[PDB]
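**Student:** Okay, here's the structure, questions in a sec.
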There are 2 protein chains.
Amino acid sequence: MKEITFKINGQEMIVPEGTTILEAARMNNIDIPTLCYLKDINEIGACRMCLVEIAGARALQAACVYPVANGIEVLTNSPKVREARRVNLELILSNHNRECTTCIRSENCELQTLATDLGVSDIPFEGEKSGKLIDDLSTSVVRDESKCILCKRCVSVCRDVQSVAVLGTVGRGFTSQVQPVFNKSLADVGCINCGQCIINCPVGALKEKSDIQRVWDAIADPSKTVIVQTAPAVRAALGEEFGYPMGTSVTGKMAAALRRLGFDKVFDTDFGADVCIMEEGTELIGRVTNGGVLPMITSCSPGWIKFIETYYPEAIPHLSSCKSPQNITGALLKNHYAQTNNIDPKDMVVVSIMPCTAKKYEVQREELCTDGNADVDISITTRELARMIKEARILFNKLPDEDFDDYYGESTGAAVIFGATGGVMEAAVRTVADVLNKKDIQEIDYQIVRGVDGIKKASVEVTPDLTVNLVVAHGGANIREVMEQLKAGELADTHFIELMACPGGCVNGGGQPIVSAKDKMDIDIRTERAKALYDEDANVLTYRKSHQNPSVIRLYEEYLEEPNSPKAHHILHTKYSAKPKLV
Amino acid sequence: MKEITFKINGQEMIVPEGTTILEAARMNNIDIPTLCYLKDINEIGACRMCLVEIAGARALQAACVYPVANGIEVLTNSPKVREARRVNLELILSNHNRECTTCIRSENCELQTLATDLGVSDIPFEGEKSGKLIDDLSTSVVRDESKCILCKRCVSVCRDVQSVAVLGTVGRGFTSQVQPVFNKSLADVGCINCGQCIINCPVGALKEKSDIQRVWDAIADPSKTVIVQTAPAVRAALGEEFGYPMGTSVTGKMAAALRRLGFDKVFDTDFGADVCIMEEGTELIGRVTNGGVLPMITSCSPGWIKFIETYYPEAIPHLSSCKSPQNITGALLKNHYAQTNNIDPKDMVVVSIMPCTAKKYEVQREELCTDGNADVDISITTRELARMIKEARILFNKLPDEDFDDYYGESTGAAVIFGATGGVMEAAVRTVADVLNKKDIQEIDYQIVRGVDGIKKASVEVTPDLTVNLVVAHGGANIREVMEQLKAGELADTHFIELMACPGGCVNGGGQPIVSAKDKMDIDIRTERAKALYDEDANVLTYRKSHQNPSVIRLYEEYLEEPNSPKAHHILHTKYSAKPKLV
Ligand code: SF4
Ligand code: SF4
Ligand code: SF4
Ligand code: SF4
Ligand code: SF4
Ligand code: SF4
Ligand code: SF4
Ligand code: SF4
Ligand code: FES
Ligand code: FES
């Protein structure tokens, strides 16, 4: 490690080799504007915002990608720098459609914050913006080309982080635009509905498919009763919308606010989640005792199973036949609650507040229906629920707390930890150990693989006669790596591999509220969300295990008999088919 | 008091007579959109944004000015209400220029918040705007009629609370615009530079005169050294810009930030304020001992003295020849500091940070010059200081603290109370009692006059042979009332009256940062600012009395000789002439 000495603006510093002047000034309490810069993701120098005077330099240099050097002098407040920033913002703003009353981003468009910050009132230079081509055809992602700034963040994210890379650049000059391949639509190619591309864009050129009109139409029907259900991870970040500090639980406030909307029933996805935990435990027991297809993987997140269908069909024996916890609880409410309440199943409308955006495509699937009836009707993301609350506009900061409904709102901590990565797998191994060997484990040690961060390996003795190999995976690149190893066959001994496309778990999902870059250089939002969720876990004083909850025991005794029954297979078990690829 | 029962949205409530529905919903934790409503100021129903359904009503009614009645039923989320709100936003935005990148208000324009809140899709209803012209001619206030939406808050403020009313409405249809009288400019009529009209406008149609370009030109000069001057009320509300809670002191942080800006010298006005208090007290003693013109009034705030010379020339003999504390400090730096430092008086540039906007007109006055030299050069408000430091872009939330330079940065609590209501006169009577009778008083009981709030009276025995009558006034209507009473001669026995043009004192001045009506309904920002300033006063552990400060004693002994000297009169005392009126 080499030590570099540099002198800026009255202060000298020693830094390691590879240091950039930007985060060096950040550490030394100086801020420089950023558009195209992301920490360790997009470092190319296309933004052309961050100019600083360099001693001995013919012209200005961009501080974003500028490596430090020894003995240099840097001054950041010359008149040339200010004039260059003003003129360059005037140039770049002549393309972005200036009707900022109606952008979804609106208040936190980083371009708008820069525009106000530089105080550049006038725009002397006119122009002819590029062609307006609204791609309002796909299922989840909507693109608008009248806004895009060629920041290149979206393409870098979809190339590196997700290892999919269905976006590229075409043309030259004004003809240069970001497009999918073959001039098709997003849904016509192998897009995974990752949600990272829509969350990382600093302008609002991308938006999600809005179904709030359908929601208002559904709630407007007196003949239709509404069943709303909640994720464990909605209270992980929603408080950030209302100016609350990171890590606030508003669960009772959320229930009260949803009741003020006039929803007939409020409920949690937790109960069916415990049901499917019992499920995967049951076919674990079966595949152990019958030599089932191994290694086993879950079927929780729609995104990566979509990826497996699209790209690697050869692992289709390895998937779990179970349907998603969303799908489990949706079918459960549409059947058992309907039987108890003696109401026509078409007379219920079920709405879900989930953070994945891939569920928008997942609900559109033909085969996720029971008895020809829709298990769930409308799925919505956290951001658009927030805007629904804002258009209703109840002062959220003074709500009291409320409880959930019988029976399917009850909670357990091992099912609270669904929000973080591997909590599903933790609950599964804890429950199967409790069932088979009466073993009381709370946490599992994880082996961090050298050179790859985000992949986690574990192996704990479930029974003295059977030690189960455990692998955790989040991040599309990690999925690609572990799938390549699985095709190579070196994971033959492995038993469970848990996968989601979105890195860091659902707290880092596509439906989570938008955050800027500044807080990302400060604090990992994943870390604070995980701490808040784990603190919520430690406070669950009713049950830390799913199989001990009296509600799931009641349902199993009365209506579900045992898992892997013919009724259980017919209602909760499904098959998947490979999808045609257009790549 | 009559009790009214009303049943809204599933809950019944009792209110006193005259309690309209909006605050009834507010205390019941329900919010309704407001544009044209202000608490106790503007109740007219022009906005037509706050529509709510009423049982048995042919059409919708505006909740803003709708009185409650017994046995009514109110529904707030019918589809009719939503469609009406959406169409009225679509209509009203068709006139407001949609160039929201470069409004001064920008981020916190209430129209932007409403536009995002209602989630308006597009504006199909095109056309042309009203005729436009920018009156970029007045000294302080700048108008842009292309933006304004006929909220009528500005005209109500300038009519009621200021008792000036130089704004009105003209024309029919599109020709209906708010304008001054006789198609003139703002500076051509009896405008007082109140600043309330600037602070209260919820759209950004009004702004202050910007001189940041002159500031950057001045600081760019190496041949000119810069001395910056701070008012005590600057840190009363600066923190609100950076997301800090109400009542945060960043004084040392401000000193550090200013030093990072390249200012050569920093100084606090408390020294000159103490000198002015001594001069006023010496004039007190002289007019008592020589039968001077009574009652005594200050000459502190430029606004009200502008009002007096413009409207009531008969009060000139009752006025005090002393200049404003910032002006006296500027002259002192122009003469005594120049003598000590042996630097040519034109080679200094002095910039002042005032919460008044009337100082912009005040510095333009030709009579306020010493020896043909400009006492102070540039004055800027707190808001544009925030803008200049934001574009300077140092991360203000992690700055350490710094001290002020000698001998003119030292402070006393008697000068800390300068910004608060009545503190100047408090310090004056405390110091004169200390000088003449060695009387130790910390606070004086005040008589609140019945029927008028903001007019404040006291009479405590300064000496057993002389009790001084004490009156404090803030608010243009209160100024008008006390001036009318003075002309009637009812205040013959009175000795001191304070006149602050902006209501509530300079802590509520035009230079303070913009706040929204949501802030104004629940809490008075004046109250929290006064509490912060008084807590700062209680922590002043160096001196609670001006005349015990060694710095003022040194300057009086070495350079100022005795107060009310011929040199003191020639340097610190001035005459005012009546200005022609065009009303
Ligand atoms: S980039 Fe989009 S959100 Fe930002 S100011 Fe422009 S239109 Fe508004
Ligand atoms: S969406 Fe547009 S602005 Fe955002 S990264 Fe992609 S190309 Fe750049
Ligand atoms: S959804 Fe995923 S695959 Fe599709 S463009 Fe975005 S990041 Fe790429
Ligand atoms: S992290 Fe969450 S949103 Fe992302 S794929 Fe997994 S379950 Fe879906
Ligand atoms: S009213 Fe002014 S500040 Fe508000 S959006 Fe329009 S232009 Fe921008
Ligand atoms: S400044 Fe103009 S737009 Fe604002 S309230 Fe007054 S008249 Fe209406
Ligand atoms: S500065 Fe004062 S007098 Fe002039 S328009 Fe504003 S409120 Fe009225
Ligand atoms: S109250 Fe304050 S801001 Fe208003 S005129 Fe007086 S000193 Fe200036
Ligand atoms: S912000 Fe520095 S090059 Fe992008
Ligand atoms: S807020 Fe203006 S009419 Fe009600």
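Chains: A, B, ... in order of the structure tokens. Residues: from 1 per chain. Ligands: from 1, in order shown.
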Neighbours of ligand 3 within 10 Å, counting only C-alpha atoms and all ligand atoms, as a PyMOL selection string?

**Tutor:** chain A and resi 140-141+154-167+179-180+186-187+189-200+206+303+307+357-358+476+501-502+510

**Student:** Export, as a compact mmCIF listing (two decimals), in the first residue's frame, the selected residues with C-alpha atoms.

**Tutor:**
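Once written, part_2.txt looks like this:
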```
# COMPACT_ATOMS: atom_id res chain seq x y z
CA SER A 140 -43.43 -3.75 -15.27
CA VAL A 141 -40.99 -1.10 -16.57
CA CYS A 154 -28.78 2.01 -15.76
CA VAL A 155 -26.73 0.15 -18.36
CA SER A 156 -23.84 -0.37 -15.95
CA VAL A 157 -26.19 -1.73 -13.29
CA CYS A 158 -27.92 -4.11 -15.69
CA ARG A 159 -24.54 -5.27 -17.05
CA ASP A 160 -22.37 -5.69 -13.96
CA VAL A 161 -24.61 -6.09 -10.91
CA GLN A 162 -27.34 -8.20 -12.52
CA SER A 163 -25.27 -10.02 -15.19
CA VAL A 164 -28.14 -9.75 -17.69
CA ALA A 165 -27.23 -6.75 -19.90
CA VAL A 166 -30.25 -6.24 -22.13
CA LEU A 167 -29.58 -2.49 -22.47
CA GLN A 179 -32.29 0.95 -26.06
CA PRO A 180 -32.83 -2.78 -25.79
CA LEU A 186 -38.45 -4.44 -22.78
CA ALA A 187 -40.87 -7.34 -22.31
CA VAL A 189 -36.35 -9.67 -24.43
CA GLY A 190 -34.89 -11.45 -21.43
CA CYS A 191 -35.49 -8.75 -18.84
CA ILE A 192 -35.80 -10.20 -15.35
CA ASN A 193 -37.79 -7.36 -13.74
CA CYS A 194 -34.79 -6.75 -11.50
CA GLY A 195 -35.91 -3.35 -10.27
CA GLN A 196 -32.35 -2.12 -9.77
CA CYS A 197 -32.44 -0.23 -13.07
CA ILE A 198 -35.59 1.65 -12.08
CA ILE A 199 -34.28 2.49 -8.61
CA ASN A 200 -30.80 3.76 -9.50
CA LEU A 206 -37.87 5.12 -15.96
CA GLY A 303 -37.39 -12.79 -10.42
CA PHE A 307 -34.39 -16.06 -14.88
CA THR A 357 -41.72 -5.36 -8.85
CA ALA A 358 -41.38 -8.76 -10.52
CA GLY A 476 -27.61 -11.53 -10.12
CA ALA A 501 -31.86 -11.60 -7.90
CA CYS A 502 -32.13 -8.39 -5.94
CA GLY A 510 -37.05 -2.48 -6.41
```

**Student:** What are the residues of chain A lining chain B at 9 Å or less? Count only C-alpha atoms, and put the answer as a VMD selection string.

**Tutor:** chain A and resid 26 29 to 33 77 to 79 98 to 108 111 to 122 216 220 387 to 388 390 to 396 398 to 399

**Student:** Using C-alpha atoms, can you export the residues from the last selection as a compact mmCIF listing (two decimals), in the first residue's frame?

**Tutor:**
```
# COMPACT_ATOMS: atom_id res chain seq x y z
CA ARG A 26 -15.84 13.99 1.25
CA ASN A 29 -15.63 17.88 4.65
CA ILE A 30 -15.91 19.25 1.09
CA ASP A 31 -18.70 18.37 -1.36
CA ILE A 32 -18.53 18.17 -5.18
CA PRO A 33 -21.57 17.60 -7.45
CA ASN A 77 -13.67 27.86 -6.41
CA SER A 78 -12.22 29.60 -9.46
CA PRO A 79 -14.49 31.74 -11.67
CA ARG A 98 -38.60 20.95 -18.49
CA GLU A 99 -42.15 20.18 -17.30
CA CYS A 100 -41.05 19.17 -13.82
CA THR A 101 -44.54 19.46 -12.38
CA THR A 102 -45.41 15.98 -13.67
CA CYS A 103 -42.27 13.85 -13.34
CA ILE A 104 -42.71 10.96 -10.91
CA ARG A 105 -39.39 11.87 -9.29
CA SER A 106 -40.31 15.57 -9.05
CA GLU A 107 -39.08 16.72 -5.65
CA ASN A 108 -35.95 14.52 -5.48
CA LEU A 111 -30.91 17.16 -11.78
CA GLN A 112 -33.47 19.52 -10.23
CA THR A 113 -31.45 19.83 -7.02
CA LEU A 114 -28.36 20.70 -9.06
CA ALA A 115 -30.38 23.21 -11.10
CA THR A 116 -31.59 25.00 -7.97
CA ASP A 117 -28.17 24.72 -6.31
CA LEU A 118 -26.26 26.41 -9.13
CA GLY A 119 -28.92 29.13 -9.35
CA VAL A 120 -28.74 29.24 -13.14
CA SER A 121 -31.86 31.28 -13.86
CA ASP A 122 -31.70 31.79 -17.62
CA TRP A 216 -59.34 3.07 -6.80
CA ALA A 220 -65.03 2.08 -5.19
CA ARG A 387 -48.36 8.26 -3.19
CA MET A 388 -51.81 6.75 -2.63
CA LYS A 390 -50.44 11.20 -0.02
CA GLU A 391 -53.40 11.69 -2.35
CA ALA A 392 -55.67 10.55 0.47
CA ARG A 393 -53.45 12.81 2.64
CA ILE A 394 -53.86 11.86 6.27
CA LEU A 395 -51.24 13.44 8.54
CA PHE A 396 -49.26 10.26 9.12
CA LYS A 398 -49.76 11.49 14.60
CA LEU A 399 -51.41 8.12 14.04
```

**Student:** Given a cut-off of 6 Å, what residues near ligand 9 show up using only C-alpha atoms and all ligand atoms, put as a list in words?

**Tutor:** residues 34, 35, 36, 37, 45, 46, 47, 48, 49, 50, 62, 63, 64 and 65 of chain A

**Student:** For the residues selected in the previous step, produce a file with C-alpha atoms as a short mmCIF file (atom, residue, chain, number, x, y, z; two decimals), in the first residue's frame.

**Tutor:**
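Below is the file that was written, again_12.cif:
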```cif
data_model
loop_
_atom_site.label_atom_id
_atom_site.label_comp_id
_atom_site.auth_asym_id
_atom_site.auth_seq_id
_atom_site.Cartn_x
_atom_site.Cartn_y
_atom_site.Cartn_z
CA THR A 34 -22.16 14.13 -8.90
CA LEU A 35 -24.43 12.83 -11.65
CA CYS A 36 -22.81 9.79 -13.31
CA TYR A 37 -20.87 8.63 -10.25
CA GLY A 45 -16.50 10.48 -16.34
CA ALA A 46 -19.48 11.08 -18.61
CA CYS A 47 -21.41 13.44 -16.30
CA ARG A 48 -18.97 16.31 -16.89
CA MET A 49 -20.26 18.19 -13.80
CA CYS A 50 -17.51 17.95 -11.20
CA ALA A 62 -13.20 15.93 -13.90
CA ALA A 63 -12.78 15.18 -10.20
CA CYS A 64 -15.04 12.11 -10.34
CA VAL A 65 -12.56 9.74 -12.00
#
```

**Student:** Mind checking DSSP for region 208-442 of chain A and telling me the strand (DSSP E or B) residues as a list in words?

**Tutor:**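 Output for region 208-442 of chain A, strand (DSSP E or B) only: residues 208, 225, 226, 227, 228, 229, 230, 265, 266, 267, 268, 296, 297, 322, 348, 349, 350, 351, 352, 353, 369, 370, 373, 374, 378, 379 and 380 of chain A.
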
**Student:** Produce a file of the selected residues containing N, CA, C and O atoms, as a JSON list (two decimals), in the first residue's frame.

**Tutor:**
```
[["chain", "number", "residue", "atom", "x", "y", "z"],
["A", 208, "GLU", "N", -42.38, 2.74, -12.96],
["A", 208, "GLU", "CA", -43.01, 1.43, -12.85],
["A", 208, "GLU", "C", -44.44, 1.48, -13.36],
["A", 208, "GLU", "O", -45.05, 2.55, -13.45],
["A", 225, "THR", "N", -65.71, -6.70, -1.58],
["A", 225, "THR", "CA", -64.98, -6.51, -0.33],
["A", 225, "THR", "C", -63.50, -6.74, -0.55],
["A", 225, "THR", "O", -63.10, -7.64, -1.30],
["A", 226, "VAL", "N", -62.67, -5.93, 0.10],
["A", 226, "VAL", "CA", -61.24, -5.87, -0.19],
["A", 226, "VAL", "C", -60.45, -6.46, 0.98],
["A", 226, "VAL", "O", -60.74, -6.21, 2.16],
["A", 227, "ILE", "N", -59.45, -7.27, 0.62],
["A", 227, "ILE", "CA", -58.57, -7.96, 1.55],
["A", 227, "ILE", "C", -57.16, -7.49, 1.22],
["A", 227, "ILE", "O", -56.60, -7.88, 0.19],
["A", 228, "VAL", "N", -56.59, -6.65, 2.08],
["A", 228, "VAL", "CA", -55.26, -6.10, 1.84],
["A", 228, "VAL", "C", -54.27, -6.86, 2.70],
["A", 228, "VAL", "O", -54.58, -7.24, 3.83],
["A", 229, "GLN", "N", -53.09, -7.14, 2.14],
["A", 229, "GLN", "CA", -52.08, -7.88, 2.87],
["A", 229, "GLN", "C", -50.72, -7.22, 2.73],
["A", 229, "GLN", "O", -50.40, -6.59, 1.71],
["A", 230, "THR", "N", -49.92, -7.37, 3.78],
["A", 230, "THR", "CA", -48.71, -6.59, 4.00],
["A", 230, "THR", "C", -47.48, -7.48, 4.06],
["A", 230, "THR", "O", -47.56, -8.65, 4.44],
["A", 265, "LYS", "N", -60.67, -5.80, 5.17],
["A", 265, "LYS", "CA", -59.78, -6.55, 6.05],
["A", 265, "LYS", "C", -58.32, -6.22, 5.78],
["A", 265, "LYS", "O", -57.90, -6.08, 4.63],
["A", 266, "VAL", "N", -57.55, -6.13, 6.86],
["A", 266, "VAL", "CA", -56.10, -5.95, 6.81],
["A", 266, "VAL", "C", -55.47, -7.24, 7.32],
["A", 266, "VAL", "O", -55.96, -7.86, 8.26],
["A", 267, "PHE", "N", -54.39, -7.66, 6.67],
["A", 267, "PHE", "CA", -53.83, -8.97, 6.95],
["A", 267, "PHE", "C", -52.36, -8.99, 6.59],
["A", 267, "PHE", "O", -51.85, -8.12, 5.86],
["A", 268, "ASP", "N", -51.67, -10.01, 7.08],
["A", 268, "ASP", "CA", -50.26, -10.21, 6.84],
["A", 268, "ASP", "C", -50.06, -11.45, 5.99],
["A", 268, "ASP", "O", -50.82, -12.42, 6.09],
["A", 296, "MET", "N", -31.63, -28.82, -3.47],
["A", 296, "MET", "CA", -32.94, -28.17, -3.43],
["A", 296, "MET", "C", -32.78, -26.66, -3.41],
["A", 296, "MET", "O", -31.90, -26.12, -2.74],
["A", 297, "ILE", "N", -33.65, -25.98, -4.15],
["A", 297, "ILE", "CA", -33.74, -24.53, -4.14],
["A", 297, "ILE", "C", -35.20, -24.16, -3.89],
["A", 297, "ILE", "O", -36.11, -24.95, -4.11],
["A", 322, "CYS", "N", -43.63, -25.79, -4.68],
["A", 322, "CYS", "CA", -44.51, -24.92, -3.92],
["A", 322, "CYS", "C", -44.69, -23.58, -4.63],
["A", 322, "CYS", "O", -43.81, -23.10, -5.34],
["A", 348, "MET", "N", -64.61, -11.24, -3.59],
["A", 348, "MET", "CA", -63.45, -10.70, -2.90],
["A", 348, "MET", "C", -62.47, -10.13, -3.91],
["A", 348, "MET", "O", -62.29, -10.68, -5.00],
["A", 349, "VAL", "N", -61.83, -9.02, -3.54],
["A", 349, "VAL", "CA", -60.68, -8.48, -4.26],
["A", 349, "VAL", "C", -59.52, -8.38, -3.28],
["A", 349, "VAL", "O", -59.66, -7.78, -2.20],
["A", 350, "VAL", "N", -58.40, -8.98, -3.63],
["A", 350, "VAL", "CA", -57.24, -9.09, -2.75],
["A", 350, "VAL", "C", -56.12, -8.24, -3.32],
["A", 350, "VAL", "O", -55.78, -8.36, -4.50],
["A", 351, "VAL", "N", -55.54, -7.39, -2.48],
["A", 351, "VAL", "CA", -54.47, -6.49, -2.89],
["A", 351, "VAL", "C", -53.29, -6.67, -1.96],
["A", 351, "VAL", "O", -53.46, -6.89, -0.75],
["A", 352, "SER", "N", -52.08, -6.62, -2.52],
["A", 352, "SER", "CA", -50.85, -6.94, -1.81],
["A", 352, "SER", "C", -49.86, -5.79, -1.92],
["A", 352, "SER", "O", -49.64, -5.25, -3.00],
["A", 353, "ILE", "N", -49.26, -5.43, -0.79],
["A", 353, "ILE", "CA", -48.22, -4.40, -0.77],
["A", 353, "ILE", "C", -46.85, -5.08, -0.63],
["A", 353, "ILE", "O", -46.29, -5.23, 0.46],
["A", 369, "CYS", "N", -53.47, -19.60, -10.78],
["A", 369, "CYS", "CA", -54.87, -19.45, -10.45],
["A", 369, "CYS", "C", -55.41, -20.77, -9.91],
["A", 369, "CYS", "O", -54.98, -21.85, -10.33],
["A", 370, "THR", "N", -56.35, -20.68, -8.98],
["A", 370, "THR", "CA", -56.94, -21.84, -8.33],
["A", 370, "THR", "C", -58.40, -21.96, -8.75],
["A", 370, "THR", "O", -59.17, -21.00, -8.63],
["A", 373, "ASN", "N", -59.93, -19.37, -10.78],
["A", 373, "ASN", "CA", -60.20, -18.10, -10.12],
["A", 373, "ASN", "C", -58.89, -17.43, -9.73],
["A", 373, "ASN", "O", -57.93, -18.10, -9.34],
["A", 374, "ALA", "N", -58.87, -16.10, -9.83],
["A", 374, "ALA", "CA", -57.65, -15.34, -9.56],
["A", 374, "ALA", "C", -57.33, -15.38, -8.07],
["A", 374, "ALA", "O", -58.17, -15.00, -7.24],
["A", 378, "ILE", "N", -54.61, -7.35, -7.63],
["A", 378, "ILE", "CA", -53.76, -6.20, -7.87],
["A", 378, "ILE", "C", -52.58, -6.26, -6.92],
["A", 378, "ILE", "O", -52.76, -6.40, -5.70],
["A", 379, "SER", "N", -51.37, -6.13, -7.46],
["A", 379, "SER", "CA", -50.17, -5.98, -6.66],
["A", 379, "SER", "C", -49.65, -4.56, -6.81],
["A", 379, "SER", "O", -49.70, -3.99, -7.91],
["A", 380, "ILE", "N", -49.20, -3.97, -5.71],
["A", 380, "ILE", "CA", -48.68, -2.61, -5.71],
["A", 380, "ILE", "C", -47.37, -2.56, -4.94],
["A", 380, "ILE", "O", -47.12, -3.38, -4.05]]
```

**Student:** Please list as a ChimeraX atom specification every residue within 9 Å of region 323-339 of chain B, counting only C-alpha atoms and excluding residues in the same chain fewer than 6 positions away.

**Tutor:** /B:227,229-231,269-277,299-302,345-346,348,350-352,354,363,368-370,373-376,408,559,571-574

**Student:** Which residues, written as a list in words, have at least one atom at most 12 Å from residue 489 (chain B), with only C-alpha atoms counted and residues fewer than 6 positions away on the same chain left out?

**Tutor:**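 Residues meeting the cut-off are residues 294, 295, 315, 482 and 483 of chain B.
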
**Student:** Let me see the file: selected residues, N, CA and C atoms, as a PDB file, in the first residue's frame.

**Tutor:**
```
ATOM      1  N   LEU B 294     -39.891  65.295  23.301  1.00  0.00           N
ATOM      2  CA  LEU B 294     -40.417  64.051  23.834  1.00  0.00           C
ATOM      3  C   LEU B 294     -41.710  63.694  23.119  1.00  0.00           C
ATOM      4  N   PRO B 295     -42.027  62.393  22.992  1.00  0.00           N
ATOM      5  CA  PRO B 295     -41.271  61.205  23.414  1.00  0.00           C
ATOM      6  C   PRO B 295     -40.073  60.863  22.532  1.00  0.00           C
ATOM      7  N   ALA B 315     -43.173  63.958  12.750  1.00  0.00           N
ATOM      8  CA  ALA B 315     -42.490  63.227  13.810  1.00  0.00           C
ATOM      9  C   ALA B 315     -40.973  63.338  13.741  1.00  0.00           C
ATOM     10  N   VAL B 482     -50.325  53.701  17.058  1.00  0.00           N
ATOM     11  CA  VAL B 482     -49.556  54.472  18.031  1.00  0.00           C
ATOM     12  C   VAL B 482     -49.158  55.825  17.451  1.00  0.00           C
ATOM     13  N   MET B 483     -48.920  55.895  16.138  1.00  0.00           N
ATOM     14  CA  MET B 483     -48.633  57.180  15.511  1.00  0.00           C
ATOM     15  C   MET B 483     -49.852  58.094  15.530  1.00  0.00           C
TER      16      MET B 483
END
```

**Student:** Hey, which residues come within 6 Å of ligand 6 if we count only C-alpha atoms and all ligand atoms? Could you give them as a PyMOL selection string?

**Tutor:** chain B and resi 148-155+178+201-203+205-206

**Student:** Kindly export the residues of the current selection with N, CA, C and O atoms, as a compact mmCIF listing (two decimals), in the first residue's frame.

**Tutor:**
```
# COMPACT_ATOMS: atom_id res chain seq x y z
N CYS B 148 -47.82 34.41 -11.11
CA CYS B 148 -48.78 34.54 -10.02
C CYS B 148 -50.13 33.96 -10.41
O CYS B 148 -50.54 33.98 -11.57
N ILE B 149 -50.83 33.41 -9.41
CA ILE B 149 -52.05 32.65 -9.63
C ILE B 149 -53.25 33.27 -8.94
O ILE B 149 -54.25 32.58 -8.69
N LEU B 150 -53.17 34.56 -8.61
CA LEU B 150 -54.24 35.31 -7.95
C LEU B 150 -54.66 34.66 -6.63
O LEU B 150 -55.84 34.43 -6.36
N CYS B 151 -53.66 34.38 -5.80
CA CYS B 151 -53.90 33.86 -4.46
C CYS B 151 -54.45 34.92 -3.51
O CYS B 151 -55.13 34.56 -2.55
N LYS B 152 -54.14 36.19 -3.75
CA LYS B 152 -54.60 37.33 -2.94
C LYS B 152 -54.09 37.31 -1.50
O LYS B 152 -54.57 38.09 -0.67
N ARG B 153 -53.14 36.44 -1.17
CA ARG B 153 -52.49 36.53 0.13
C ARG B 153 -51.65 37.79 0.26
O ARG B 153 -51.66 38.44 1.31
N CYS B 154 -50.93 38.16 -0.80
CA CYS B 154 -50.04 39.31 -0.74
C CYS B 154 -50.83 40.60 -0.50
O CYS B 154 -50.43 41.44 0.31
N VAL B 155 -51.94 40.77 -1.21
CA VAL B 155 -52.72 41.99 -1.05
C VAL B 155 -53.34 42.06 0.33
O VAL B 155 -53.38 43.13 0.95
N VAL B 178 -52.88 41.47 -10.27
CA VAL B 178 -52.50 42.25 -9.11
C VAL B 178 -51.37 43.20 -9.50
O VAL B 178 -50.41 42.80 -10.16
N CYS B 201 -45.82 34.62 0.04
CA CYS B 201 -46.39 34.20 -1.23
C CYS B 201 -46.10 32.73 -1.49
O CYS B 201 -44.93 32.33 -1.50
N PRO B 202 -47.11 31.90 -1.73
CA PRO B 202 -46.91 30.45 -1.86
C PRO B 202 -46.58 29.96 -3.26
O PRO B 202 -46.82 28.78 -3.54
N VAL B 203 -46.09 30.80 -4.16
CA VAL B 203 -45.86 30.35 -5.53
C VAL B 203 -44.52 30.79 -6.09
O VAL B 203 -44.00 30.16 -7.03
N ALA B 205 -43.89 34.05 -7.19
CA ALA B 205 -44.05 35.17 -8.10
C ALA B 205 -43.28 36.40 -7.65
O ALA B 205 -43.01 37.28 -8.48
N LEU B 206 -42.93 36.48 -6.37
CA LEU B 206 -42.23 37.63 -5.81
C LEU B 206 -40.86 37.20 -5.34
O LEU B 206 -40.69 36.09 -4.82
```

**Student:** Hey, which of A:250, A:435, A:92, A:255 ends up closest to ligand 1? Count only C-alpha atoms and all ligand atoms.

**Tutor:**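 Closest to ligand 1, using only C-alpha atoms and all ligand atoms: A:92.
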
**Student:** Excluding residue 2 (chain A) and any residue of its chain fewer than 6 positions from it, enumerate the residues within 10 Å of it, using only C-alpha atoms, and give them as a VMD selection string.

**Tutor:** chain A and resid 14 to 18

**Student:** What does the structure give for the distance between CA of residue 313 (chain A) and CA of residue 281 (chain A), in Å to one decimal?

**Tutor:**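 Between CA of residue 313 (chain A) and CA of residue 281 (chain A) the gap works out to 24.5 Å.
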
**Student:** Using only C-alpha atoms, which residue out of A:401, A:309, A:279, A:221 lies closest to residue 254 (chain A)?

**Tutor:**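 When distances to residue 254 (chain A) are compared using only C-alpha atoms, the smallest one comes from A:401.
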
**Student:** Let's see if you can do this: from backbone DSSP, list all helix (DSSP H, G or I) residues in region 414-552 of chain A, as a ChimeraX atom specification.

**Tutor:** /A:414-416,423-437,476-488,506-508,518-522,525-538,550-552

**Student:** Can you work out the spacing between CA of residue 427 (chain A) and CA of residue 280 (chain A) in Å, to one decimal?

**Tutor:**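 Computing it gives 10.7 Å between the two atoms.
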